[PDB]
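Chemist:
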Amino acid sequence: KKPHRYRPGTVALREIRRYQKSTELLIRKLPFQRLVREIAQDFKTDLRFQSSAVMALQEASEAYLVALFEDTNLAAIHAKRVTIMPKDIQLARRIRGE
Amino acid sequence: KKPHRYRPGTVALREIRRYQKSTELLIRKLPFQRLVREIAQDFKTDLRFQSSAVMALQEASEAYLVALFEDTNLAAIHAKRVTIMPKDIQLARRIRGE
Amino acid sequence: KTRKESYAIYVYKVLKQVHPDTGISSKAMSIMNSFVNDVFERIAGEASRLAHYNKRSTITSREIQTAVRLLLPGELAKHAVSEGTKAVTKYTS
Amino acid sequence: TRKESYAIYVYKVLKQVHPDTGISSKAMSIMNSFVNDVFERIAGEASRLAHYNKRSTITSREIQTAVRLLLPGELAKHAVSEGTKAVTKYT
Amino acid sequence: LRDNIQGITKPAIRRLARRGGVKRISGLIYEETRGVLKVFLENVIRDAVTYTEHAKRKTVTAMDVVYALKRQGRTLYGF
Amino acid sequence: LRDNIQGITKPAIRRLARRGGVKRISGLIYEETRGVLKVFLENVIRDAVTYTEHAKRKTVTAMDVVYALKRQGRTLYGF
Amino acid sequence: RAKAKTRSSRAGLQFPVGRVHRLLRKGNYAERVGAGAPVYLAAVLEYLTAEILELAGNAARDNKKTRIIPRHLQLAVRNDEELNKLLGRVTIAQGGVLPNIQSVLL
DNA sequence: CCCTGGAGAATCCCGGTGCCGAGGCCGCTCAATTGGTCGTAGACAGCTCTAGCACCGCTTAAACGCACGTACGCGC
DNA sequence: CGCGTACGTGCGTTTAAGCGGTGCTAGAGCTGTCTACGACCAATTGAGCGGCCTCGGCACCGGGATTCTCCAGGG
């Protein structure tokens, strides 16, 4: 008896191929919807968001975070590194001007 | 005798402090002026440029290159280096979307 | 009910012109409608700026011709100019 | 001909809060460019604001909403208070 | 509504980075991007709040979300 | 006009790096910076070329350079 | 009067020339709008519509699909170099990103 | 320590349902189309005059190139 | 931690940037002039669209399969 014991990285590459060719949204709607209301309640109380309004906000948030993640990824291989770091994200925000 | 023999890097910060507080133009005007004409020759043979028109192009290119050099520089410390590389410039343009 | 302005069937007519064996979903139709309106605001906004930059009151075909050269770069620009020029000459004829 | 400029207007604002300093032509042209660039940004946002809600008019609320859309942080609320105090001193 | 920044779960960030082609993800990455997402959400929603208050409306529409993203050079297609 | 990309000399690129806070300047960055500067100049001037032709003018003015830089989010103050 | 022939058929086009002219006047752009301005605007919009849909159909036939899915529209934009530069700062919903892997990643 | 044979599990092509979103049809109605009518921006002709193109002297700070070595890039 | 070469520093030496000056035409404002052009007004009109009937492409459900990957054995 012997388990499969996949080495790290190959399933990570496999998950990259499965999600880059996918269409569906990775982050669930209800956790993202409740985060929007919590942030908006600090600016204006008794505020409602439509179902398509949260849907439009969620798609733009994933694409912005994915594009930040791609820039974080190529910054790591520029630094002769495989694993991303929190300092890589701070580098990406400053260069992008955000 | 024996010369002073400044260590490699000491004059680098001395030039850094001088050019960051003085607003003189580092690029000479005439080499940048003739470069504009040969670039614009591919789009329009019979074209002229004003004295202030070349002046406006030079400072915009100077500030863009310095800002690109700023993004190029902090990529080295992100990569545990102090020397800028062409792959750092390509890192900056790809992240900025240029 | 109230009619809303959209390019749902014009994109369909363009799609059937060059690809008469394919269909398109409504989600992709709204993206194409969003793409048309965004480019429409960019070109007309540039054409509005171009008339104001030269102290001109009207937007002519040259204003649209100059606007698409600023936004569309290089190889993609010359087909838009060529299609724009051939549309104006056919309209005047 | 006559060229519209904000060179005189910046000068009176300058001595209002700092009467001990002057200004140069290069600094004045930069400040003239700063006023014009913000002018098209606020009015361009306000013009776009009127088109969104099918509004045929631009009011003080159009300028007020464009200020908070453009100016970030406490800079928007300081200009809002300054903008509100000008309308009250108007009427 | 409190502690809603934890709604973006750890594999949800991992799934997002898999879409971005990220090989390995550090443990401190998840806490960093939650603040980044909070900062990004604190600007678009605030811009959409001004869009909603300008129209004398109490509910933020998807039209106002698009215009909030459009003015910052992040225009969204398909609403 | 030929051999004008070399007008941006080696100390000229080094001076630009010193303004940007660069400590060490590589020998291969001079060819890379020339290509980036040529690419950046090939977009601003070409945009200013189209502004010049639309204005019924055969000489490029500084006003059209500001308009060319403004539409790319690189607006210049002081003209 | 005469027959109400559409301006799109006169210019050999399918996009509505009259609709484009109407939003130019009511969009607060200029005091007047020229006659050839909507004709030039419709031709440019048609070419962008036709070029994107042609590459989207090529992307649809790559994975053996007849219906156009928003992934195909995203794939058409990102694959084309001019469409990538024109829509670099444009977010497409339900499109994702390009399915590319780094050389050192393998 | 490296090359090669067999098998566990994620992945891909395929047969059958059908279903819910897409394609075509019914009006008609509201925006698109036709003709006239002027104020008016724009193309066109002549003047000009103030800023740019081309060349000259020099002179001098800016720049190409060679010798040396230690902070740093790269290999392990 | 170690190898190294290549870029920091220093100046010799050439070389053009720039200041000042000259001449001239390339051409943008400037002023008339005359001329089609588009907003606006009557008059009209025709398929885009809300919605309904129909219909079919691929999500779903499994079945089967090649197919690229890991573990164990041999040299």
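Chains as they are written, first to last, in the entry's author numbering: chain S, 36 to 133; chain O, 36 to 133; chain R, 28 to 120; chain V, 29 to 119; chain T, 22 to 100; chain P, 22 to 100; chain Q, 11 to 116.
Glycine included, every Cβ here is placed at the ideal spot set by N, Cα and C.
(1) Nearest by alpha-carbon distance to residue 32 of chain S: which of T/52, T/24, T/34 is it?
(2) To be precise: take each residue of the segment 75-92 of chain T, compare its Cβ to all Cβ atoms of chain S, and keep it if any distance is under 7 Å. Which residues remain?
(3) Is residue 83 of chain T near the ligand SAM, in the sense that its beta carbon is under 8 Å from a heavy atom of that ligand?
(4) If you measure from the beta carbon of residue 103 of chain R to each beta carbon in chain Q, is any gap under 9 Å?
(5) Can you grab the Cα-Cα spacing for the pair residue 89 of chain Q / residue 103 of chain S, in whole Å?
(6) Would you mind working out which of S/71, S/91, S/90 sits nearest residue 82 of chain S, comparing C-alpha positions?
(7) Applying a beta-carbon distance threshold of less than 9 Å, which residues of chain T neighbour residue 67 of chain R?
(8) Rounded to a whole number of angstroms, what is the C-alpha to C-alpha distance between residue 102 of chain Q and residue 84 of chain Q?
(9) Note down, in chain order, every chain V residue with its Cβ under 7 Å from the Cβ of residue 106 of chain T.
(10) Could you give the DSSP three-state label for residue 100 of chain T: helix, strand or coil?
(11) Going straight from the alpha carbon of residue 53 of chain R to that of residue 13 of chain Q, what length do you get?
(12) Tell me, which residues are paired with residue 42 of chain Q by DSSP?
(13) Which bits of chain R does residue 71 of chain P rub up against, with CB to CB less than 8 Å?
(14) As an exercise, report each continuous alpha helix (DSSP H) stretch of at least 4 residues that is fully enclosed by the segment 87-119 of chain O, in chain order.
(15) Using the three-state DSSP reduction, which class does residue 92 of chain P fall into: helix, strand or coil?
(16) Let me check understanding here. Comparing Cα to Cα, which of S/91, S/74, S/100 lies closest to residue 23 of chain T?
(17) Quick one: residues in its chain with C-beta nearer than 7 Å to the C-beta of residue 105 of chain Q, no 5 flanking neighbours on either side, listed in chain order?
(18) Is residue 114 of chain Q helix, strand or coil by DSSP?
(19) Could you check the C-alpha separation between residue 83 of chain P and residue 59 of chain T for me, to the nearest Å?
(20) Three or more C-beta pairs under 8 Å: does that hold for the segment 66-73 of chain T against the segment 36-49 of chain O?
(21) Can you pull the chain Q residues whose beta carbon is under 7 Å from the beta carbon of residue 97 of chain T, in chain order?
(22) Compare the C-beta of residue 100 of chain T against all C-beta atoms of chain R and say whether one is closer than 9 Å.
(23) Against chain T, does residue 33 of chain Q count as a neighbour if the rule is that its beta carbon must be under 9 Å from one of theirs?
(24) Can you give me the start and stop residues for the alpha helix (DSSP H) that residue 79 of chain Q sits inside?
(25) Hey, how far is the Cα of residue 115 of chain Q from the Cα of residue 60 of chain Q?
(26) Would you mind telling me which residues of chain Q sit closer than 9 Å to residue 48 of chain S, beta carbon to beta carbon, in chain order?
(27) Taking a Cβ distance cut-off of 8 Å, strictly less, list which residues of the segment 74-86 of chain S are near chain T, in chain order.
(28) State the DSSP-derived secondary structure class of residue 124 of chain O, mapped to helix, strand or coil.
(29) According to DSSP, is residue 50 of chain R helix, strand or coil?
(30) From V/56, V/78, V/92, V/67, pick the residue whose C-alpha is nearest to that of residue 123 of chain V; which is it?
(31) Can you list, in chain order, the stretches of the alpha helix (DSSP H) that have 4 or more residues and sit fully within the segment 40-85 of chain O?
(32) So which residues of chain T does residue 121 of chain S contact, with C-beta pairs closer than 9 Å?
(33) Quick check: is the beta carbon of residue 113 of chain O nearer than 9 Å to any beta carbon in chain S?
(34) Would you mind telling me which residues of chain S sit closer than 9 Å to residue 100 of chain O, beta carbon to beta carbon, in chain order?
(35) Secondary structure at residue 55 of chain T, three-state DSSP: helix, strand or coil?
Modeler: So, to answer that:
(1) A question about residue 32 of chain S goes unanswered here, because the residues of chain S that appear run from 36 up to 133.
(2) 79, 80, 81, 82, 83, 86, 87, 90
(3) Summarising the ligand content, the structure contains no ligands, and the ligand SAM is consequently not present.
(4) yes
(5) 20 Å
(6) S/71
(7) Simply none; closest approach about 13 Å.
(8) Taking the CA atoms as reference points, residue 102 of chain Q sits about 7 Å from residue 84 of chain Q.
(9) No answer is possible for residue 106 of chain T: the residues shown for chain T start at 22 and end at 100.
(10) If DSSP states are grouped into helix, strand and coil, residue 100 of chain T belongs with coil.
(11) Distance between the alpha carbons of residue 53 of chain R and residue 13 of chain Q is about 34 Å.
(12) According to DSSP, which records beta bridges pairwise, residue 42 of chain Q is partnered with R/85.
(13) 93, 96, 97
(14) none
(15) coil
(16) Answer by Cα proximity: S/74.
(17) 80, 81, 83, 84
(18) coil
(19) 42 Å
(20) no
(21) 101, 103
(22) yes
(23) No, its Cβ sits nowhere closer than 9 Å to a Cβ of chain T.
(24) Here residue 79 of chain Q belongs to no alpha helix (DSSP H), and DSSP marks it neither H nor E.
(25) The alpha-carbon of residue 115 of chain Q is positioned some 36 Å away from that of residue 60 of chain Q.
(26) 111, 115, 116
(27) The segment 74-86 of chain S vs chain T, Cβ under 8 Å: 74, 75, 76, 78, 79, 81, 82, 83, 84, 85.
(28) helix
(29) strand
(30) The structure shown has nothing for residue 123 of chain V, since chain V only spans 29 to 119.
(31) 45-56, 64-75, all fully within the segment 40-85 of chain O.
(32) 47, 49, 50, 52, 53, 54
(33) Nearest CB-CB separation between residue 113 of chain O and chain S: below the 9 Å threshold.
(34) Ordered by position in chain S, no residue passes the 9 Å Cβ test against residue 100 of chain O, which lies about 15 Å from the chain.
(35) Helix, per DSSP.
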